[PDB]
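The figures here come from the full heavy-atom set of this structure, side chains too, leaving out hydrogens, waters and symmetry mates. In this chain, residues are counted from 1 in sequence order.
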Amino acid sequence: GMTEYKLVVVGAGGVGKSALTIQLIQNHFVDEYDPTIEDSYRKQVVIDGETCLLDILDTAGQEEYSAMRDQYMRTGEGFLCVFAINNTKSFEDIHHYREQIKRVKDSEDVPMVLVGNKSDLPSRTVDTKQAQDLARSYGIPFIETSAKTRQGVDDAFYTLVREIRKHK
Ligand SMILES: C[C@H]1CN(C)CCN1c1cccc(-c2noc([C@@]3(C)CCCc4sc(N)c(C#N)c43)n2)n1
Ligand SMILES: Nc1nc2c(ncn2[C@@H]2O[C@H](COP(=O)(O)OP(=O)(O)O)[C@@H](O)[C@H]2O)c(=O)[nH]1
Ligand SMILES: [Mg+2]
């Protein structure tokens, strides 16, 4: 049968979670997507010759640490932790999202990729070396993306699928 991979995109509001998700789903850059919409989107893709079914949860909204929301995020098999390279605060938030993933999955070994988005912009405030070194601290891959130009989009999602395959 065709394997389905539940991927969850997390990170601060405005970093480009929706734009990255829609680039993968539509193959089109959407510069405007209702920032409150949290939804899931499926796509059949060939990763390493294998046709598999991606189920991408594009998260949104305020913090909620209820049993219900925990249960919901627990369905995720792998996570993209997204920050924007021109927003220091979104990068400084990453450790929170990682800590909540570790908590709800009850594991130090959850498939995860650090994503530096908006790589097309000249307004960088987060050094690539700082981002690579944070991924190194966590033992996870780091991928530089632009939802605008599609730079790195497949790399980010496909790497996460590969991390899930390993973890199994
Ligand atoms: C960085 C912090 C703290 N900061 C002081 C204010 C802004 N902020 C925000 C603001 C909005 C959201 C979040 C947030 N945190 O985790 C989560 C996610 C979705 C990640 C995946 C695992 C779990 S499990 C659970 N119940 C979650 C929930 N909700 C989460 N979303 N965090
Ligand atoms: N230049 C540029 N703008 C982006 C990129 N990704 C998202 N944006 C913009 O960043 C803002 C927030 O994007 P959005 O997808 O809503 O972020 P979300 O809140 O994380 O879902 C919008 O103004 C988008 O047009 C990117 O890679 N490059
Ligand atoms: Mg969004």
Side-chain angles (χ1 to χ4, degrees), residues 4-47 51-64 69 72-73 75-101 110-135 138 140-164:
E4 183 171 7
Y5 295 97
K6 199 30 198 313
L7 312 186
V8 182
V9 185
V10 308
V15 301
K17 302 182 292 304
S18 294
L20 287 170
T21 298
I22 294 324
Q23 264 289 11
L24 189 82
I25 295 297
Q26 291 190 15
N27 207 45
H28 180 76
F29 175 50
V30 167
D31 68 7
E32 179 176 14
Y33 199 77
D34 183 335
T36 71
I37 295 178
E38 165 170 291
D39 210 353
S40 59
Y41 311 86
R42 291 201 183 78
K43 181 151 226 83
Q44 282 184 42
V45 299
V46 202
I47 295 162
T51 306
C52 50
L53 182 58
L54 308 191
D55 184 10
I56 301 160
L57 168 62
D58 174 26
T59 68
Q62 59 186 50
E63 278 170 296
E64 181 179 305
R69 190 147 180 77
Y72 189 45
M73 309 279 164
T75 65
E77 297 176 285
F79 295 77
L80 293 187
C81 295
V82 190
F83 70 93
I85 63 144
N86 68 338
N87 189 280
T88 299
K89 177 206 145 293
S90 79
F91 177 77
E92 288 179 345
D93 280 349
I94 289 289
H95 73 96
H96 177 88
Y97 291 97
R98 172 153 181 111
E99 297 160 9
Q100 297 304 306
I101 289 156
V110 175
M112 180 186 306
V113 173
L114 183 61
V115 174
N117 192 45
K118 308 191 187 187
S119 299
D120 57 287
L121 293 175
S123 44
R124 179 180 286 282
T125 63
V126 184
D127 296 345
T128 292
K129 162 199 183 13
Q130 189 179 34
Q132 290 171 342
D133 284 350
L134 179 63
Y138 293 143
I140 72 188
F142 171 62
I143 301 297
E144 296 176 56
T145 64
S146 172
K148 181 170 171 164
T149 68
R150 226 177 282 146
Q151 167 180 345
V153 174
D154 284 348
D155 287 351
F157 288 101
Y158 290 13
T159 298
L160 189 56
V161 170
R162 291 179 190 116
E163 292 290 290
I164 288 161

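Taking the side chain as every heavy atom from C-beta outward, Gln151 and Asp120 never approach each other to under 4.5 Å. In this structure the side chain of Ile140 never reaches within 4.5 angstrom of the side chain of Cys81, judged on heavy atoms. Taking the side chain as every heavy atom from C-beta outward, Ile143 and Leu80 never approach each other to under 4.5 Å. Side-chain contact between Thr21 and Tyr33 is absent, with no heavy-atom pair separated by less than 4.5 Å.
Separation of atoms CG (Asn87) and CD (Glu92) is listed at 9.5 Å; rounding is to 0.5 Å. Here the straight-line distance linking atom CD1 of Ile94 with atom OH of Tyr138 works out to 8.0 Å at 0.5 Å rounding. Atom CG of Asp93 is separated from atom CZ of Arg98 by 15.5 Å, given to the nearest 0.5 angstrom. Summarising the geometry, atom OH belonging to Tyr5 is positioned 7.0 Å from atom CD1 belonging to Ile47; distances are rounded to the nearest 0.5 Å.
Annotation for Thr128 and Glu144: closest pair CG2-OE2, 3.8 Å, computed over non-hydrogen atoms.
In this structure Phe157 satisfies the ring pair (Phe, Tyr, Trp, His ring centres under 6.0 Å) test with no other residue, sequence neighbours excluded. Annotation: side chain to side chain contact (heavy atoms under 4.5 Å, CB included) contacts of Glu63 (sequence neighbours excluded): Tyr65, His96. For the salt bridge (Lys or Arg N to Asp or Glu O under 4.0 Å) test, residues two or more places apart in sequence or in another chain that qualify with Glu163 are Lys166. For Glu64, the side-chain hydrogen bond (donor to acceptor under 3.5 Å, both in side chains) partners are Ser66, not counting sequence neighbours. Under the side chain to side chain contact (heavy atoms under 4.5 Å, CB included) criterion, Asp127 pairs with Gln130, sequence neighbours left out. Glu4 meets the salt bridge (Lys or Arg N to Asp or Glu O under 4.0 Å) test with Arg42; sequence neighbours excluded. Taking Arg69 as the reference, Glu38 meet the salt bridge (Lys or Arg N to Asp or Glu O under 4.0 Å) condition, with sequence neighbours excluded. With sequence neighbours left out, the side chain to side chain contact (heavy atoms under 4.5 Å, CB included) criterion links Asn27 to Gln23, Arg150. Applying the side chain to side chain contact (heavy atoms under 4.5 Å, CB included) rule to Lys129 yields the partners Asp133; only residues at least two apart in sequence or on another chain are considered.
Between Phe142 and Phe83, the angle of the ring planes stays under 30°, which puts this pair in the parallel group of the 30/60° scheme.
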Residues 51-60 side chain polar contacts: donor-acceptor under 3.5 Å, at least two apart:
unit_1 : atom_1 : unit_2 : atom_2 : d
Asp58  : OD1    : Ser18  : OG     : 3.4
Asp58  : OD2    : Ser18  : OG     : 2.5
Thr59  : OG1    : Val9   : O      : 2.7

Let me check something: any side-chain donor-acceptor pairs from residues 111-119 under 3.5 Å, sequence neighbours excluded? List them with distances.
unit_1 : atom_1 : unit_2 : atom_2 : d
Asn117 : OD1    : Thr145 : OG1    : 2.8
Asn117 : OD1    : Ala147 : N      : 3.2
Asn117 : ND2    : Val15  : O      : 2.9
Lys118 : NZ     : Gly14  : O      : 2.8
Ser119 : OG     : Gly116 : O      : 3.2
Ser119 : OG     : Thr145 : N      : 3.4
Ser119 : OG     : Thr145 : O      : 2.8

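Within 6.0 Å of NZ on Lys148 lie no more than 12 heavy atoms contributed by other residues, nucleotides or ligands. More than 12 heavy atoms of other residues, nucleotides or ligands sit less than 6.0 Å from atom CD of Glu99.
Side chain of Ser90 to main chain of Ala84: a donor-acceptor pair is present (N/O by atom type, distance under 3.5 Å, no hydrogens or angles).
The stretch residues 152-161 participates, sequence neighbours left out, in no side-chain hydrogen bond (donor to acceptor under 3.5 Å, both in side chains) pair at all.
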